[PDB]
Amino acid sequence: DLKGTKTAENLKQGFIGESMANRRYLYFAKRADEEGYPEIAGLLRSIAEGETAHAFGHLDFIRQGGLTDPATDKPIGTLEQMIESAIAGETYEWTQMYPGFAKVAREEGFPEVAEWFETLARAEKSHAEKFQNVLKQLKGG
């Protein structure tokens, strides 16, 4: 059983890092695209595919071990549970996280960032609603 072990925690941290790596490399690739470095952009994109394989591998061990979603601490064994995890995360983001981030940004004098956080808050609310509709489809039959 992996529950409660350090390995369980390391699988979680491993997933976080790999997720960030893929986003970072694809972001970097756009800069290489812009400047005319197709070889470098291509490498970034290919290595990014590697980080995807790594992240999914971590999730397989987590799922197969009965561990929870690194992002929501919710089970992800079944498709229904996966959707429920998506809903939980999106709900936290639009009801508390992004609104809180936006408030702090305004308070610190960064209205541009605040507006970005507010845009995202509304976006995650829409995502949550979309996922809830999917859950009703699955559980409804």
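Residue numbers run from 1 along the displayed sequence.
Mean C-alpha B-factor is higher over 99-107 than over the other stretch, the pair under comparison being 99-107 and 22-30.
Remark: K12 belongs to the middle third of its chain, ranked by C-alpha B-factor as recorded. Sort the modelled residues of the chain by CA B factor and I83 lands in the middle third. Annotation for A53: CA B-factor lies in the middle third of the chain's modelled residues. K125: CA B factor in the middle third of modelled residues in this chain (values from the PDB entry). Ranked by Cα temperature factor within the chain, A41 sits in the middle third according to the deposited record.
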